[PDB]
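**Q** I'd like to ask you about the structure that follows.
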Amino acid sequence: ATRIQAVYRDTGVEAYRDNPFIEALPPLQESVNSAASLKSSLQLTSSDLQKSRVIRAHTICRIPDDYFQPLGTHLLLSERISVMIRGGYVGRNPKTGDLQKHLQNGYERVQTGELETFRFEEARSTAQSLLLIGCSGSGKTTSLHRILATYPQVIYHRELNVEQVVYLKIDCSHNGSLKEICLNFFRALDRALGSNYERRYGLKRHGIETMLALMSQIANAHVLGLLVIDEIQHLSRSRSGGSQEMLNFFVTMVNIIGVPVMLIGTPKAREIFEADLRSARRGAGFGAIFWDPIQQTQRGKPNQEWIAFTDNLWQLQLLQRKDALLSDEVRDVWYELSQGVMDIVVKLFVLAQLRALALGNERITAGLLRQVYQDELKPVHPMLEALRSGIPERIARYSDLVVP
Amino acid sequence: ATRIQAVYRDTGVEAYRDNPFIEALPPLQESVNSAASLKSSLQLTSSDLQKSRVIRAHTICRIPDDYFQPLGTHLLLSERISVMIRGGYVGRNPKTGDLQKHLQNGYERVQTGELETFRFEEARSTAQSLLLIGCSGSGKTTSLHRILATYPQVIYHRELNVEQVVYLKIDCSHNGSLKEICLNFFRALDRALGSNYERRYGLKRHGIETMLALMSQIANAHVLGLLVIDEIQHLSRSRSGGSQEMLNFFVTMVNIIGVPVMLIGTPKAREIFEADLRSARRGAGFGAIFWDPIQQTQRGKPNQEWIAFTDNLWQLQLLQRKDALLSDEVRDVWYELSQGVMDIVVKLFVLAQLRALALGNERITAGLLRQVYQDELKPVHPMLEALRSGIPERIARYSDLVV
Amino acid sequence: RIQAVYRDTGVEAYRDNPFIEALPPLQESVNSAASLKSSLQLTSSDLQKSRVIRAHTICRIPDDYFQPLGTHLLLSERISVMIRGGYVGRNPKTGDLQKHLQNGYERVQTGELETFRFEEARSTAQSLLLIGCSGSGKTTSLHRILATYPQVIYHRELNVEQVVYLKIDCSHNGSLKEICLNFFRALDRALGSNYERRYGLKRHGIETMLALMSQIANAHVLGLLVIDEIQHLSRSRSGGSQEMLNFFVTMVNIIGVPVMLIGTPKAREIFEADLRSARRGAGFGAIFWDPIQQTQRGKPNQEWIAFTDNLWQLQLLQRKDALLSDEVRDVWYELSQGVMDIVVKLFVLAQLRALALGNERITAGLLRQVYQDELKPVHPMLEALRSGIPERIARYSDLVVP
Amino acid sequence: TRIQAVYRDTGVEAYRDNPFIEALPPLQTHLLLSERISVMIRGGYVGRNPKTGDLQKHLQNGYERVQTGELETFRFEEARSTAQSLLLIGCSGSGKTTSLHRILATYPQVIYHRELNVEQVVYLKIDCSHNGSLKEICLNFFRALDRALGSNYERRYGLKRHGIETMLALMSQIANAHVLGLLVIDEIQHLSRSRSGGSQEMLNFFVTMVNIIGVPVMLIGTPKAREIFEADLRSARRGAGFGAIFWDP
DNA sequence: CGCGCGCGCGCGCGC
DNA sequence: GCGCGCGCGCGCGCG
Ligand SMILES: Nc1ncnc2c1ncn2[C@@H]1O[C@H](COP(=O)(O)OP(=O)(O)NP(=O)(O)O)[C@@H](O)[C@H]1O
Ligand SMILES: Nc1ncnc2c1ncn2[C@@H]1O[C@H](COP(=O)(O)OP(=O)(O)NP(=O)(O)O)[C@@H](O)[C@H]1O
Ligand SMILES: Nc1ncnc2c1ncn2[C@@H]1O[C@H](COP(=O)(O)OP(=O)(O)NP(=O)(O)O)[C@@H](O)[C@H]1O
Ligand SMILES: [Mg+2]
Ligand SMILES: [Mg+2]
Ligand SMILES: [Mg+2]
């Protein structure tokens with residue numbers, strides 16, 4: 001563990017009444033205020049602007065890692081993860097030691113008449129699942145990292161020895177194998193938790209069945225509240241024997257041990273989720289969260305969200321000949337070269353900053369944007385010309401590129 | 001061993017006379033009375049409307065797991081399970097006591113005397129089997145262990161040193177291999193019965209030959225009353241003739257040990273029980289129960305079942321500006337979207353409450369319903385398009401669906 | 001090995017990180033490329049020597065003659081930024097941070113604060129792609145770039161050994177078990193160990209041996225991985241071509257070791273299948289190295305002129321002439337047509353032919369003779385570039401259209 | 001049969017105090033062939049010299065000098081891989097193999113180093129695949145190696161139930177354990193006379209061996225096998241390190 | 001501590 | 001190009 005002792009404050013939900021695993025997480029935040037906490041930026045003083053060439057380049061190449069502007073779509077994502085984690089613990093409440101008294105009293109009072117029936121079972125799996133699908137570059141990995149960074153990963157409960165783990169992030173196996181997802185599970189858990197599960201069960205020549213049972217044993221021992229699997233699109237194309245095997249193992253994981261599972265991938269992963277009704281409505285239990293590139297124009301006016309995003313990005317420059325205000329003439333060159341894909345915007349900005357910084361004419365203009373677009377982004381050209389064209393036939397040539 | 005102390009109360013069935021494992025069970029109930037006791041709803045007070053938005057949203061998200069209304073398809077299933085649990089104990093009663101002198105007298109009056117024929121071994125495997133197949137979302141698991149939770153999971157006798165496991169629910173194996181199904185059996189047993197069978201019998205490199213032997217021995221020791229294997233559709237994975245091995249293991253388990261077995265799956269498992277007459281005959285050894293999406297109009301008059309279901313669901317709204325009664329216009333487009341699937345009719349309601357709650361217009365209308373249908377319930381559309389068309393060629397493209 | 005010393009850098013975010021301060025100091029781009037200059041030292045006494053000795057000392061020119069071009073200013077900065085940014089997320093920060101976590105936890109749970117951020121640790125790895133023609137010097141250039149940094153550094157304060165770069169290559173049929181054996185071989189060649197013997201000969205699956213690769217690469221914290229010749233992933237059949245890229249994409253996602261991929265334009269189309277195979281194949285841009293053109297504009301290009309003038313000085317002939325005629329240089333580019341390796345080999349073979357013929361003079365006729373006689377399997381593809389035809393050049397995937 | 005090494009040097013800058021070079025006889029259309037083979041042997045021996053002494057003193061002195069002093073940069077790992085590979089094209093009955101065997105007959109095949117635990121072999125001539133596959137040329141490597149020197153890799157790794165995978169790593173390991181000066185190969189027609197989609201995989205192995213292992217290889221064939229040296233410039237450029245030698249009467 | 005048995009996986013050949 | 005059959009090696013359990 002990292003030894004975060006647990007402190008118990010009750011919340012306003014009747015279904016979370018006196019649950020030790022629920023009342024140990026940061027309290028229920030409002031929708032607007034929760035997405036405000038995700039706001040991050042890179043700060044630079046006036047002294048850092050009067051620095052030499054190499055230090056400025058090295059500290060300006062840090063923007064993609066630390067700059068982050070929340071979006072309106074995060075208002076919907078944060079609500080789901082709030083109830084996924086908290087809701088899955090409802091059925092996994094450690095029962096009071098006085099449970100047998102109630103059972104025996106009910107049994108003796110139903111046996112002799114005077115009571116029609118009695119519920120002899122309380123524990124039942126509550127866990128569910130969802131599926132967020134978006135084009136590559138939609139900023140889903142970083143968004144999930146920054147949302148989950150608010151939660152403490154592993155805590156400790158003093159009264160009874162459970163070393164609760166809230167979440168752990170893994171990725172799908174490169175060949176779609178099921179006996180490799182367990183090695184990633186062990187590696188991620190013995191990195192996040194303080195243990196050596198990779199040594200004990202990793203190099204031993206156990207079978208597929210006798211190590212899946214081991215992963216299921218670690219997860220119910222330290223209650224896991226969410227397991228997130230990324231790069232699901234690897235199940236597509238060259239899957240070894242099949243993908244339905246891994247899918248229905250995850251289904252068993254959701255239904256039996258009550259650990260909610262969240263799946264992440266590109267819309268190349270819709271080809272594995274539409275073959276029958278079961279593999280679709282069970283693939284997403286809170287529905288899907290389909291993310292799309294941001295558009296320059298709203299229903300009847302330019303999109304203000306992109307305006308705020310572009311302005312806040314444009315404020316972060318280390319060029320001495322910078323222009324404080326941002327014109328529409330050079331703003332419109334961004335969208336005609338980026339099409340709203342959130343990665344290309346920041347990468348083009350950083351690459352243009354480096355080019356201007358090193359060309360000797362440290363002024364950013366519309367010309368440098370296309371000048372650096374035409375050399376340093378060549379292997380991604382044809383996938384964005386299709387988005388520029390807007391014709392569905394040219395868009396549908398690529399599986400990741402979702403038709404509008 | 002939760003140590004529920006057994007109490008013996010007599011019943012009215014002649015064949016269930018002085019059975020230790022039948023008299024110590026919940027008493028016989030009428031199916032109409034039994035189905036009425038599955039009713040449940042979310043507990044809401046009037047003051048819950050004046051609460052924080054987040055708390056109200058979290059309260060709404062608990063609807064899918066607490067609201068449950070019994071339909072007309074629960075009478076038959078309740079009756080079948082109530083007979084199937086309790087008919088398998090006639091051929092396993094350890095009430096046999098001093099059976100030496102009676103057999104000796106019979107032998108010594110058959111070897112010489114007027115008795116042409118006497119019968120000695122009256123033990124029989126009285127078990128049966130069921131096959132419950134329905135659409136993915138009809139409520140097989142929920143209704144199954146809401147019905148089956150009126151029975152105590154484990155009952156203990158001390159006059160006879162036996163621990164009785166009345167039922168045990170296990171899922172199938174992901175790859176259709178008998179090696180994984182015993183690990184699930186042991187985990188379910190030691191997760192319900194307090195014990196440690198998983199480490200003792202599961203991580204040693206025992207072959208498949210002896211692990212099944214240990215499983216049979218343990219199931220016979222604890223007089224298991226019902227084994228329910230869920231997700232039986234997983235056997236379509238083993239297309240190298242590996243489903244026959246798993247099927248005949250359960251057939252053997254019914255013929256000798258005597259535990260009744262229940263099979264549950266989507267209609268994609270219908271390709272399993274059609275290779276020969278034996279599979280189909282024993283797949284439904286006491287009938288088969290097939291479920292379908294609930295229909296809006298059974299006849300010219302509207303169906304009262306769906307009307308009652310949707311009216312009872314409509315009263316669980318924490319939106320403040322709520323309509324007093326459920327309008328016919330929004331009701332007719334409620335079926336038009338879910339098409340009778342019991343999971344989607346509730347998920348649409350929950351997600352529309354969450355959408356109107358976040359948007360600020362705390363009221364449910366048809367337009368918002370279709371907005372939520374298009375935006376968020378996206379991957380399930382082609383199957384619902386096929387169900388909306390009504391033509392057989394569209395439906396005969398997905399294996400899960402039944403015409 | 002190297003015993004670490006700690007010198008602070010100018011960057012505010014590269015501060016207190018042991019794996020960054022141990023590296024050489026941040027240098028400017030002008031002196032980074034200028035310091036990467038090599039030549040062979042000669043004396044006037046070598047004029048009177050034997051033919052065999054002269055031939056053996058002039059055959060060494062391609063090995064130790066390196067004049068930086070104008071493109072190296074970008075490559076040096078790119079590699080330095082990648083190496084120093086790889087270690088940003090891989091910094092030991094669990095020194096006394098436990099009390100900070102507990103204080104923040106009790107402040108968020110009970111007090112007035114809400115927006116605490118546990119576990120600032122993450123991955124900051126980005127990928128680079130270098131695609132150029134076979135002869136553009138994309139291998140010896142990278143060798144000279146990373147010859148500046150020490151291979152492995154031993155840090156005394158904690159028993160951790162750091163290796164900053166590792167050089168492997170894709171081989172044969174684009175299988176992952178190629179690169180596990182290659183990875184172990186390179187790692188235990190650079191750092192004296194027996195990793196290949198401990199893990200190679202054993203009967204091990206692909207997915208179990210990749211985990212050992214990941215574990216050992218995370219033990220000796222690796223700041224860069226170079227996979228040269230990724231053109232072997234193109235003609236290779238089955239589902240291995242996409243799965244090797246899958247492995248390299250997930251290597252820069254969890255472990256954090258940045259990956260740089262080097263190939264020829266034959267492997268230009270291994271990425272063009274999808275969007276994710278292209279964005280995740282060039283993180284900080286992709287560098288395409290075109291061959292030297294005769295004129296950058298209406299005026300002649302000074303890069304080629306400087307190259308020829310500096311390369312001309314490395315001659316050892318009795319009747320040698322320091323000056324060179326314009327006719328000599330004009331046919332020099334005509335025969336080779338932009339590809340630098342062919343230039344240096346044509347020069348050295350012409351010098352060898354002149355030395356052994358008995359005529360101690362270099363002339364354009366001898367250059368044409370050594371072009372025709374020796375470079376027989378090289379010219380049928382140089383003809384397309386010499387003729388300047390778009391389709392003739394576009395016949396092959398080895399050479400880009402312009 | 002192995003002979004002791006007599007280290008006699010000559011007035012050359014590149015070859016100096018490197019035991020793998022001065023353990024060879026004195027340096028002083030067949031003239032070009034002999035000169036080319038000699039220079040590849042010695043240049044390939046250059047890039048693998050373990051003649052270094054107290055590197056750690058020098059390396060740490062340079063590190064400390066760069067970290068604080070006025071010296072710009074220090075060039076760590078001055079260890080290259082000097083390998084070159086020509087193509088030899090000529091008809092089978094012309095007599096190319098006669099000159100080949102005459103030139104490689106001049107130098108001793110295997111020599112002995114006593115101060116170092118290395119017994120390097122100057123040349124190692126295997127024949128190309130008769131059926132045509134990746135495996136048999138590497139088995140041929142074991143057979144030629146154990147014919148050259150008293151060895152038993154034919155039993156340990158020749159017919160051992162391994163794959164096409166681990167055999168290659170062992171072959172490279174035993175190649176650079178006794179560093180080869182030349183890997184000369186004849187009859188390259190059957191490389192692509194028959195195939196299974198893997199005609200260029202053997203050339204991929206050759207390129208990898210002349211990149212990391214650092215052994216200069218030689219390829220010999222009749223004008224039939226020129227098809228693979230025409231498809232793309234990577235194979236065409238690497239197919240002629242010092243330039244191809246087409247044989248004429 | 002040595003030998004016997006079984007099981008898991010890897011490679012080659014056949015369809 | 002994929003599935004099945006065989007063979008090889010390793011590990012644990014018992015006397
Ligand atoms: N909300 C955001 N604000 C600013 N930059 C962002 C945001 N989201 C993503 N980025 C940038 O997007 C780049 C990488 O996006 P990333 O999150 O890796 O894509 P991804 O879809 O989540 N993973 P992948 O499957 O490879 O596309 C980085 O440069 C981030 O700075
Ligand atoms: N009578 C009912 N009243 C209320 N909700 C119901 C009813 N029947 C089913 N549901 C809901 O339908 C959803 C599906 O439940 P579930 O138990 O998964 O059925 P299922 O058929 O086993 N799904 P699957 O295992 O994939 O076939 C749940 O959200 C239940 O709450
Ligand atoms: N800057 C340079 N100045 C002089 N010669 C150079 C230079 N760069 C490369 N060369 C020549 O190129 C040789 C090595 O580069 P080269 O073999 O072409 O690598 P590469 O072909 O680009 N990488 P690859 O084709 O994937 O193996 C050197 O020995 C030189 O002869
Ligand atoms: Mg991602
Ligand atoms: Mg179910
Ligand atoms: Mg190279």
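Chain labels A, B, ... are given in the sequence in which chains occur in the structure tokens; within each chain residues are numbered consecutively from 1, and ligands are likewise numbered from 1 in the order shown.
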Select all residues from chain D having any atom no more than 8 Å from an atom of chain C (counting only C-alpha atoms, ignoring ligands), output as a PyMOL selection string.

**A** chain D and resi 11-14+27-28+39+56+59-60+63-64+66-67+72-78+82+165-166+169+201-202+204-205+208+229-234+236-237+240+242-245

**Q** Give me, as a list in words, the residues of range 48-282 of chain A that a backbone DSSP run labels strand (DSSP E).

**A** residues 129, 130, 131, 132, 133, 134, 165, 166, 167, 168, 169, 170, 171, 224, 225, 226, 227, 228, 229, 230, 261, 262, 263, 264 and 265 of chain A

**Q** Got a sec to tell me which of range 40-157 of chain A DSSP assigns to helix (DSSP H, G or I), as a ChimeraX atom specification?

**A** /A:46-49,53-60,63-66,74-88,99-111,140-148

**Q** Do me a favour and pick out the residues of chain D within 12 Å of chain E, using only C-alpha atoms (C1' of nucleotides), as a list in words.

**A**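 Residues passing the distance filter: residues 161, 162, 163, 164 and 165 of chain D.
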
**Q** For the atom pair CA of residue 339 in chain A and CA of residue 135 in chain A, what is the interatomic distance in Å to one decimal place?

**A**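 Calculated distance between CA of residue 339 in chain A and CA of residue 135 in chain A is 12.2 Å.
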
**Q** Report as JSON, numbers by chain which protein, DNA and RNA residues come within 7 Å of ligand 6, using only C-alpha atoms (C1' of nucleotides) and all ligand atoms.

**A** {"C": [138, 139, 228, 229]}

**Q** Next, write the just-selected residues to a file, as a PDB file, in the first residue's frame, keeping N, CA, C and O atoms as the atom set.

**A**
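What follows is the written file again.pdb:
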```
ATOM      1  N   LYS C 138      21.316   7.889 -42.533  1.00  0.00           N
ATOM      2  CA  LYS C 138      20.453   7.981 -41.365  1.00  0.00           C
ATOM      3  C   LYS C 138      20.870   7.038 -40.244  1.00  0.00           C
ATOM      4  O   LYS C 138      20.166   6.953 -39.234  1.00  0.00           O
ATOM      5  N   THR C 139      21.989   6.332 -40.396  1.00  0.00           N
ATOM      6  CA  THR C 139      22.505   5.436 -39.368  1.00  0.00           C
ATOM      7  C   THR C 139      23.785   5.952 -38.732  1.00  0.00           C
ATOM      8  O   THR C 139      23.864   6.071 -37.503  1.00  0.00           O
ATOM      9  N   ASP C 228      16.269   0.421 -35.868  1.00  0.00           N
ATOM     10  CA  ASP C 228      16.637   0.712 -37.241  1.00  0.00           C
ATOM     11  C   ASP C 228      16.015  -0.315 -38.180  1.00  0.00           C
ATOM     12  O   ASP C 228      15.719  -1.448 -37.792  1.00  0.00           O
ATOM     13  N   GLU C 229      15.814   0.104 -39.429  1.00  0.00           N
ATOM     14  CA  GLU C 229      15.341  -0.759 -40.511  1.00  0.00           C
ATOM     15  C   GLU C 229      13.987  -1.389 -40.174  1.00  0.00           C
ATOM     16  O   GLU C 229      13.853  -2.596 -39.986  1.00  0.00           O
TER      17      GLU C 229
END
```

**Q** I need the residue nearest chain A from this list: B:206, B:282, B:239, B:347. Use only C-alpha atoms for the distance.

**A**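 Between B:206, B:282, B:239, B:347, the residue approaching chain A most closely is B:347.
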
**Q** For residue 13 in chain A, work out the shell of residues within 12 Å, counting only C-alpha atoms (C1' of nucleotides) and skipping chain neighbours fewer than 5 positions away, then give it as a count of residues only.

**A** 25

**Q** List the spatial neighbours of range 260-272 of chain A as a ChimeraX atom specification - criterion: any atom at most 6 Å away, only C-alpha atoms (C1' of nucleotides), same-chain residues fewer than 2 positions off excluded.

**A** /A:127-135,226-233,254,274,399-400

**Q** Could you dump the residues just selected with N, CA and C atoms as a JSON list (two decimals), in the first residue's frame?

**A**
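Contents of the output file again.json:
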```
[["chain", "number", "residue", "atom", "x", "y", "z"],
["A", 127, "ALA", "N", -22.32, -4.32, -10.14],
["A", 127, "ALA", "CA", -21.41, -3.68, -11.08],
["A", 127, "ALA", "C", -22.00, -3.62, -12.49],
["A", 128, "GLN", "N", -21.58, -2.60, -13.23],
["A", 128, "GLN", "CA", -22.04, -2.37, -14.59],
["A", 128, "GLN", "C", -20.84, -1.99, -15.45],
["A", 129, "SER", "N", -21.10, -1.52, -16.66],
["A", 129, "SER", "CA", -20.02, -1.22, -17.59],
["A", 129, "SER", "C", -20.45, -0.10, -18.53],
["A", 130, "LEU", "N", -19.47, 0.57, -19.11],
["A", 130, "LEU", "CA", -19.74, 1.49, -20.21],
["A", 130, "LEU", "C", -18.57, 1.45, -21.19],
["A", 131, "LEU", "N", -18.74, 2.18, -22.29],
["A", 131, "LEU", "CA", -17.83, 2.12, -23.43],
["A", 131, "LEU", "C", -17.75, 3.51, -24.03],
["A", 132, "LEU", "N", -16.60, 4.17, -23.91],
["A", 132, "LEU", "CA", -16.41, 5.46, -24.54],
["A", 132, "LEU", "C", -15.61, 5.25, -25.82],
["A", 133, "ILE", "N", -16.18, 5.70, -26.93],
["A", 133, "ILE", "CA", -15.62, 5.50, -28.26],
["A", 133, "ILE", "C", -15.33, 6.87, -28.86],
["A", 134, "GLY", "N", -14.13, 7.04, -29.40],
["A", 134, "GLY", "CA", -13.76, 8.29, -30.02],
["A", 134, "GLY", "C", -12.59, 8.10, -30.94],
["A", 135, "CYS", "N", -12.45, 9.02, -31.88],
["A", 135, "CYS", "CA", -11.36, 8.96, -32.85],
["A", 135, "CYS", "C", -10.02, 9.09, -32.14],
["A", 226, "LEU", "N", -12.91, -0.24, -9.98],
["A", 226, "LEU", "CA", -13.05, -0.06, -11.44],
["A", 226, "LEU", "C", -11.82, -0.66, -12.11],
["A", 227, "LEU", "N", -11.98, -1.35, -13.22],
["A", 227, "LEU", "CA", -10.84, -1.86, -13.99],
["A", 227, "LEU", "C", -11.00, -1.21, -15.35],
["A", 228, "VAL", "N", -9.98, -0.56, -15.90],
["A", 228, "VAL", "CA", -10.18, 0.17, -17.17],
["A", 228, "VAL", "C", -9.31, -0.51, -18.19],
["A", 229, "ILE", "N", -9.85, -0.87, -19.35],
["A", 229, "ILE", "CA", -9.08, -1.58, -20.41],
["A", 229, "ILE", "C", -9.05, -0.69, -21.63],
["A", 230, "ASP", "N", -7.88, -0.40, -22.14],
["A", 230, "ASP", "CA", -7.73, 0.54, -23.27],
["A", 230, "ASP", "C", -7.17, -0.21, -24.46],
["A", 231, "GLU", "N", -7.18, 0.42, -25.63],
["A", 231, "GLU", "CA", -6.68, -0.21, -26.87],
["A", 231, "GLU", "C", -7.50, -1.45, -27.16],
["A", 232, "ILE", "N", -8.81, -1.39, -27.00],
["A", 232, "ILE", "CA", -9.72, -2.53, -27.29],
["A", 232, "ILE", "C", -9.60, -2.84, -28.78],
["A", 233, "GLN", "N", -9.46, -1.84, -29.63],
["A", 233, "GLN", "CA", -9.29, -2.04, -31.08],
["A", 233, "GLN", "C", -8.27, -3.13, -31.41],
["A", 254, "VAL", "N", -17.76, -9.03, -14.78],
["A", 254, "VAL", "CA", -18.76, -8.06, -14.36],
["A", 254, "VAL", "C", -19.85, -8.74, -13.53],
["A", 274, "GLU", "N", -21.01, -5.33, -32.59],
["A", 274, "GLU", "CA", -22.28, -5.49, -33.31],
["A", 274, "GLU", "C", -22.21, -6.78, -34.11],
["A", 399, "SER", "N", -11.37, 3.07, -41.19],
["A", 399, "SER", "CA", -12.29, 2.56, -40.18],
["A", 399, "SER", "C", -12.35, 3.47, -38.96],
["A", 400, "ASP", "N", -11.21, 4.03, -38.55],
["A", 400, "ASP", "CA", -11.18, 4.93, -37.40],
["A", 400, "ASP", "C", -11.96, 6.21, -37.68]]
```

**Q** Go through the chains and note each residue within 12 Å of ligand 5, using only C-alpha atoms (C1' of nucleotides) and all ligand atoms, then give the set as number ranges by chain.

**A** A: 125, 248, 251-252, 254-256, 278, 282; B: 132-145, 169-172, 228-233, 263-266, 343

**Q** Could you check how far CA of residue 351 in chain A sits from CA of residue 15 in chain C, in Å to one decimal?

**A**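 Result for CA of residue 351 in chain A versus CA of residue 15 in chain C: 24.0 Å, one decimal.
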
**Q** Find the residues near residue 383 in chain C: any atom within 10 Å, counting only C-alpha atoms (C1' of nucleotides), skip ones fewer than 5 places away on the same chain, and give them as a ChimeraX atom specification.

**A** /C:335-337,378,388-389,392-393

**Q** Selected residues, N, CA and C atoms, written as a compact mmCIF listing (two decimals), in the first residue's frame, please.

**A**
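As written to disk, selection-v9.txt reads:
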```txt
# COMPACT_ATOMS: atom_id res chain seq x y z
N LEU C 335 26.80 11.64 -62.21
CA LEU C 335 26.91 10.19 -62.11
C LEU C 335 26.21 9.67 -60.87
N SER C 336 26.38 10.36 -59.74
CA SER C 336 25.84 9.88 -58.47
C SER C 336 24.40 10.32 -58.25
N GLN C 337 24.08 11.57 -58.58
CA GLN C 337 22.72 12.12 -58.53
C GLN C 337 22.15 12.08 -57.11
N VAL C 378 23.93 -0.55 -59.60
CA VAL C 378 23.46 0.65 -58.93
C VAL C 378 22.85 1.64 -59.92
N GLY C 388 14.98 12.63 -64.66
CA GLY C 388 13.98 13.53 -64.11
C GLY C 388 12.57 13.25 -64.56
N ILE C 389 12.18 11.98 -64.61
CA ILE C 389 10.84 11.57 -65.03
C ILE C 389 10.04 11.19 -63.79
N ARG C 392 9.04 7.26 -63.92
CA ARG C 392 10.20 6.38 -63.85
C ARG C 392 10.76 6.31 -62.44
N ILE C 393 10.79 7.45 -61.74
CA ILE C 393 11.20 7.46 -60.34
C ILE C 393 10.14 6.78 -59.48
```

**Q** Please identify every residue of chain F that has at least one atom no more than 12 Å from any atom of chain B, counting only C-alpha atoms (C1' of nucleotides), and report them as a PyMOL selection string.

**A** chain F and resi 3-4+11-13

**Q** For those residues, write C-alpha atoms (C1' of nucleotides) to a file as an mmCIF file, in the first residue's frame.

**A**
```
data_model
loop_
_atom_site.group_PDB
_atom_site.id
_atom_site.type_symbol
_atom_site.label_atom_id
_atom_site.label_comp_id
_atom_site.auth_asym_id
_atom_site.auth_seq_id
_atom_site.Cartn_x
_atom_site.Cartn_y
_atom_site.Cartn_z
ATOM 1 C "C1'" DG F 3 -5.796 -27.014 -37.481
ATOM 2 C "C1'" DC F 4 -4.241 -31.268 -35.572
ATOM 3 C "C1'" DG F 11 8.458 -29.864 -12.328
ATOM 4 C "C1'" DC F 12 6.614 -32.042 -8.414
ATOM 5 C "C1'" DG F 13 5.683 -35.971 -5.549
#
```

**Q** What residues of the protein or nucleic acid chains come within 10 Å of ligand 4 when you use only C-alpha atoms (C1' of nucleotides) and all ligand atoms? Reply as a list in words.

**A** residues 136, 137, 138, 139, 140, 141, 142, 143, 144, 171, 230, 231, 264, 265 and 266 of chain A; 249, 250, 253, 276 and 280 of chain C
